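Worksheet for the structure shown next.
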Amino acid sequence: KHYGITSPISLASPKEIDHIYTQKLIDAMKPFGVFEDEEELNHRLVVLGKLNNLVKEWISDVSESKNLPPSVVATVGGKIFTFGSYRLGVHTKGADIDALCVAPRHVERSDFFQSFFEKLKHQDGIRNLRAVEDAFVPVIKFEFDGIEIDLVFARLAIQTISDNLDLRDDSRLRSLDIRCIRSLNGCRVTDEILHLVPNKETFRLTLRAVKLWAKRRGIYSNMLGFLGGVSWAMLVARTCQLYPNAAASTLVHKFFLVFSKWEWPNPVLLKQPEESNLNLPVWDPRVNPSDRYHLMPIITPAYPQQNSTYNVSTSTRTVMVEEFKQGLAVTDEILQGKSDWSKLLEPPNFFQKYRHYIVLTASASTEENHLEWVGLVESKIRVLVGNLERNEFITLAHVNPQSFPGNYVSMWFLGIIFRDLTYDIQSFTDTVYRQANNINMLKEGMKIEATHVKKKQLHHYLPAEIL
Ligand SMILES: Nc1ncnc2c1ncn2[C@@H]1O[C@H](COP(=O)(O)OP(=O)(O)OP(=O)(O)O)C[C@H]1O
Ligand SMILES: [Ca+2]
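Numbering (the authors' numbering), first residue to last: 17 to 422, 431 to 443, 454 to 501.
Dropping the structure here:
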């Protein structure tokens with residue numbers, strides 16, 4: 017009948033001024049690079065066309081190393097799907113593209129990472145080729161004519177790949193390698209969200225706004241314990257179901273209304289979960305004590321449903337809840353004509369709202385040396401936060417998920441609220467090198483350093499943004 021697990025909050029439709037507020041929203045948003053050009057969209061279209069054709073090509077090549085009847089190798093399909101930002105149609109200028117390669121019976125996960133990997137290496141505009149198959153979802157990353165692409169692979173147990181395939185079917189998962197299942201998950205979730213939303217135009221616009229808000233406001237980063245794309249996509253989709261008729265302007269407002277009242281850890285669900293005979297691991301605190309401890313459950317709607325915000329510590333949950341409420345306050349003003357959309361988008365006073373900080377400085381000798389190391393460090397920051405949260409005297413450890421520059433360097437800043455932390459820090463810096471050694475990764479010239487700084491002393495470290 018309606019969409020979500022609950023009947024909606026209101027069926028109110030917009031009047032002339034709500035349309036006015038929406039236009040102002042679009043106009044506030046343009047200068048931030050949120051909307052791509054005809055040229056850009058088309059470029060993505062052209063690049064993706066090739067990739068697809070390569071995949072259709074390569075799935076034919078492999079199909080002849082196995083000598084199938086030539087009236088079948090022709091029938092053999094192959095397809096590329098997108099998911100994430102780009103597929104949601106809300107990606108920004110410079111956005112990567114998350115893509116999924118779907119092959120038939122005769123193509124093994126082993127093939128994609130050796131032979132098709134060899135295929136890409138040779139193609140004209142492909143740079144930065146690299147496999148990461150140890151990773152949670154096995155991916156091949158590259159840039160194709162300047163588009164960052166994160167290509168992921170799945171092997172289905174069918175003969176062909178109907179150019180109009182449909183991944184939403186749960187029967188597909190039956191008897192599949194957990195590797196193949198996690199690989200289908202991306203599309204499955206993305207496509208599920210689009211289907212669980214009553215209006216796609218208003219969903220997208222609202223999503224674009226909310227994501228901009230999150231970024232500008234310093235709470236966009238799954239890594240560093242905040243939320244990423246799929247999470248914001250899901251929250252905006254839940255809001256859309258509750259107000260199936262609103263304008264984006266209203267939807268951005270209601271979003272803040274809804275998710276500042278929201279009683280955590282009530283989970284955010286987009287559909288009524290069904291059970292299957294499939295018996296896969298699933299988020300469920302009613303059978304998993306580990307799940308009880310997730311602080312801000314935002315649950316993926318495609319089977320098997322998982323939480324997407326495992327990374328959220330208490331501090332980040334607390335920081336975000338405050339931001340939610342700030343959004344509610346500013347949007348109360350905006351929908352009355354008393355404030356402009358820009359006020360919603362102002363950066364927060366991070367470098368003044370705290371009495372103490374931690375400057376997390378990370379250094380390397382060469383460029384390739386830097387990028388890699390910065391990778392490692394950044395993936396470990398959530399640990400320092402963790403240490404700090406277990407500290408008796410600490411009330412909040414707030415990481416700003418934007419690194420800055422200053431030989432190659434990068435720094436992050438944590439803000440702290442109390443009720454001498456050099457050894458919460460040591461154990462962190464120690465832990466980083468220590469684990470860098472475990473992977474035989476730490477090369478000379480790669481330093482990491484963390485100094486506690488009072489506010490009064492901050493300006494010695496504050497970089498270029500001092501404006
Ligand atoms: N918990 C999850 N469940 C299902 N899919 C996920 C999950 N986490 C990440 N993904 C998927 O992996 C891909 C890349 O992640 P991500 O880049 O954070 O999202 P996104 O929607 O593409 O937004 P951005 O590209 O960062 O602007 C696309 C996304 O749908
Ligand atoms: Ca992406």
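Even for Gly, the Cβ is constructed at its ideal location relative to N, Cα and C.
Euclidean distance between Cα positions of residue i and residue j
i      : j      : result
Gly241 : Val88  : 49 Å
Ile42  : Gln491 : 40 Å
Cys196 : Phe99  : 16 Å
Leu200 : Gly94  : 14 Å
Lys341 : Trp280 : 14 Å
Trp357 : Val246 : 24 Å
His486 : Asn238 : 25 Å
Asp166 : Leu104 : 16 Å
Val213 : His35  : 20 Å
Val252 : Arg184 : 21 Å
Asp127 : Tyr309 : 40 Å
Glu164 : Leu412 : 36 Å
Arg204 : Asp186 : 10 Å
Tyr370 : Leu438 : 9 Å
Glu394 : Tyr467 : 13 Å
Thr377 : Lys477 : 17 Å
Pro154 : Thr347 : 41 Å
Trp248 : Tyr236 : 9 Å
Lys287 : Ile315 : 10 Å
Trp299 : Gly202 : 17 Å
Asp161 : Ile350 : 41 Å
Reduced DSSP category for residue i - H, G, I as helix; E, B as strand; rest coil
i      : result
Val252 : helix
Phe133 : helix
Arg232 : helix
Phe420 : strand
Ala470 : helix
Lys354 : coil
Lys270 : helix
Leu41  : helix
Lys488 : strand
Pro86  : helix
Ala345 : helix
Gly49  : coil
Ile21  : coil
Which residues DSSP lists as bridging residue i, in chain order
i      : result
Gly439 : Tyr373, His414
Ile163 : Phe160
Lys481 : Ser379
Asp114 : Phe99, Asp166
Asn323 : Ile315
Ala147 : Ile156
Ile142 : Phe160
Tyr432 : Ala380
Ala119 : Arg171
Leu243 : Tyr236
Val284 : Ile314
Rounded Cβ spacing between residue i and residue j (contact assumed at less than 8 Å)
i      : j      : result
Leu361 : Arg232 : 5 Å
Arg171 : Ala90  : With a Cβ gap of about 20 Å, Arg171 and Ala90 do not count as contacting.
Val401 : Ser331 : 6 Å
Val92  : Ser76  : 6 Å
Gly234 : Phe420 : That belief does not hold up - the Cβ atoms of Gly234 and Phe420 are roughly 13 Å apart, past 8 Å.
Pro317 : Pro283 : With a Cβ gap of about 11 Å, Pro317 and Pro283 do not count as contacting.
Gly141 : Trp229 : Not really, about 34 Å apart at Cβ, beyond 8 Å.
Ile174 : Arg125 : In fact, because the Cβ distance is near 16 Å, the residues do not count as touching under 8 Å.
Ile96  : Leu64  : 7 Å
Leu258 : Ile25  : 4 Å
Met475 : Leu392 : 7 Å
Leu136 : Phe158 : 6 Å
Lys109 : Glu52  : 6 Å
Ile440 : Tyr373 : 7 Å
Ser276 : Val337 : 7 Å
Burial state of residue i, where buried means 16 or more other Cβ atoms lie within 10 Å
i      : result
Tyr457 : exposed
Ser23  : exposed
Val335 : buried
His414 : buried
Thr382 : exposed
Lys227 : buried
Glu291 : exposed
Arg254 : buried
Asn416 : buried
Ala498 : exposed
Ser434 : buried
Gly49  : exposed
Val303 : exposed
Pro47  : exposed
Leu70  : buried
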